[PDB]
Amino acid sequence: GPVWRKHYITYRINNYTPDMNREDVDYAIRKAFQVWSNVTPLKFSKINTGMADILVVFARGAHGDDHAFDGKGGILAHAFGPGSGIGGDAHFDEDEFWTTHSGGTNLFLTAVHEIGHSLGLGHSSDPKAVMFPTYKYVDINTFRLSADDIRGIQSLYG
Ligand SMILES: O=NC(=O)CN(CCO)S(=O)(=O)c1ccc(F)cc1
Ligand SMILES: [Ca+2]
Ligand SMILES: [Ca+2]
Ligand SMILES: [Ca+2]
Ligand SMILES: [Zn+2]
Ligand SMILES: [Zn+2]
């Protein structure tokens, strides 16, 4: 499948969920990128203007791709694999309630999974993997990728 063919990757936060403090959205997304830069040669930089490799969007219902959101619950987020245009982009359903903690849906944990997709990972069948298709809260302060996640990403990079 497609991978980024360069080491310096940019992201931009298109818009901010009203569910969270702005600084907390920034930090959750930054931390989620760091999870992956920890285990690859990739470097991620937030840009505030122009065309980024990975655009982070909060939207609800139909939002201009072939992947309409479904209200609260169900689909929480989706992301596109590496490529031009919308490739790499990560979309979060605004009908969820995003948080920094165990309440609602945790943005950081969801973003780790979505960014996995943005980097070219598919889903894992291993329930221990962040790339497992089902969302479940785990303590964010001690979060670690599973062995399966690490072997998956290192099959693509580094
Ligand atoms: O990447 N998007 C998906 O895989 C779609 N989901 C459905 C499968 O039940 S999810 O939104 O539940 C979802 C989103 C992020 C996660 F970390 C887990 C589940
Ligand atoms: Ca939803
Ligand atoms: Ca893109
Ligand atoms: Ca919301
Ligand atoms: Zn979308
Ligand atoms: Zn997924």
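Nothing fancy with the numbering, it's 1 onward along the sequence. Excluded from the calculations below are hydrogen atoms, water molecules and symmetry mates; all remaining heavy atoms, backbone and side chain alike, are included.
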*Taking salt bridge (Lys or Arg N to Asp or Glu O under 4.0 Å) as the test, write out the residues that go with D95, two or more places apart.*
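Applying salt bridge (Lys or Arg N to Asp or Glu O under 4.0 Å) to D95 gives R60.
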Do [X] and [Y] land in one hydrophobic cluster if side-chain heavy atoms of ILVMFWY residues count as linked below 4.5 Å?
X: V138; Y: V39; value: yes
X: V57; Y: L107; value: no
X: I47; Y: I9; value: no
X: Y135; Y: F97; value: no
X: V56; Y: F69; value: no

*Roughly how far, to the nearest 0.5 Å, is the CG atom of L42 from the CG atom of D53?*
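So the CG of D53 and the CG of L42 are separated by 10.0 Å.
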*Take atom OH in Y27; do more than 12 heavy atoms of anything else shown fall under 6.0 Å from it?*
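For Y27, atom OH is not crowded (no more than 12 foreign heavy atoms under 6.0 Å).
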*Just wondering, more than 12 heavy atoms not from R12 lying within 6.0 Å of its CZ?*
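Atom CZ in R12 is packed in, count exceeds 12.
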Tell me the closest heavy-atom pair linking [X] and [Y], and the distance in Å.
X: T99; Y: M20; value: N-SD, 3.8 Å
X: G103; Y: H101; value: N-CD2, 3.0 Å
X: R22; Y: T17; value: NH1-O, 3.9 Å
X: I29; Y: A111; value: CD1-CB, 3.8 Å
X: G88; Y: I54; value: O-CG2, 3.3 Å
X: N15; Y: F58; value: ND2-O, 2.9 Å

*Evaluate the ring planes of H113 and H123, with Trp represented by its six-membered ring, and classify them as parallel (under 30°), tilted (30 to 60°) or perpendicular (over 60°).*
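The rings of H113 and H123 sit tilted, inter-plane angle from 30° to 60°.
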*Apply the test side chain to side chain contact (heavy atoms under 4.5 Å, CB included) to residues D19 and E94: give CA-CA distance (whole Å), side-chain angles for both, the deciding distance (0.1 Å), then the verdict.*
CA-CA 9 Å; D19 303 347; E94 192 58 77; 3.2 Å; yes
Test item: [X] side-chain N/O and [Y] main-chain N/O as donor-acceptor pair under 3.5 Å:
X: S37; Y: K43; answer: no
X: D126; Y: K128; answer: yes
X: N106; Y: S102; answer: no

_Qualifying ring pair (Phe, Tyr, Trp, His ring centres under 6.0 Å) pairs, either residue in residues 30-52, two or more places apart_ =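 Those involving residues 30-52 are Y11-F33, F33-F44.
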Quick one, [X] and [Y] - any side-chain contact, counting heavy atoms below 4.5 Å?
X: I140; Y: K31; value: no
X: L76; Y: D93; value: no
X: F92; Y: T105; value: no
X: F108; Y: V35; value: yes

Counting only pairs under 3.5 Å, give me each side-chain donor-acceptor contact of residues 141-158, with atom names and distances, residues two or more places apart or in other chains.
from	atom 1	to	atom 2	distance (Å)
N141	ND2	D139	OD1	3.0
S146	OG	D148	N	3.3
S146	OG	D149	N	3.1
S146	OG	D149	OD2	3.0
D148	OD1	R151	NE	3.2
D148	OD1	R151	NH2	2.9
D148	OD2	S124	OG	2.6
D149	OD1	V130	N	3.3
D149	OD1	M131	N	3.2
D149	OD2	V130	N	2.7
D149	OD2	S146	N	3.1
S155	OG	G152	O	2.6
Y157	OH	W4	N	3.1
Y157	OH	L119	O	2.6

*Is there a side chain to side chain contact (heavy atoms under 4.5 Å, CB included) between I75 and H67 once you walk through the steps?*
CA-CA 10 Å; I75 300 175; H67 312 270; over 6 Å; no
*Can we call the ring centroids of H117 and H91 under 6.0 Å apart?*
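Here the rings of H91 and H117 have centres that are no less than 6.0 Å from each other.
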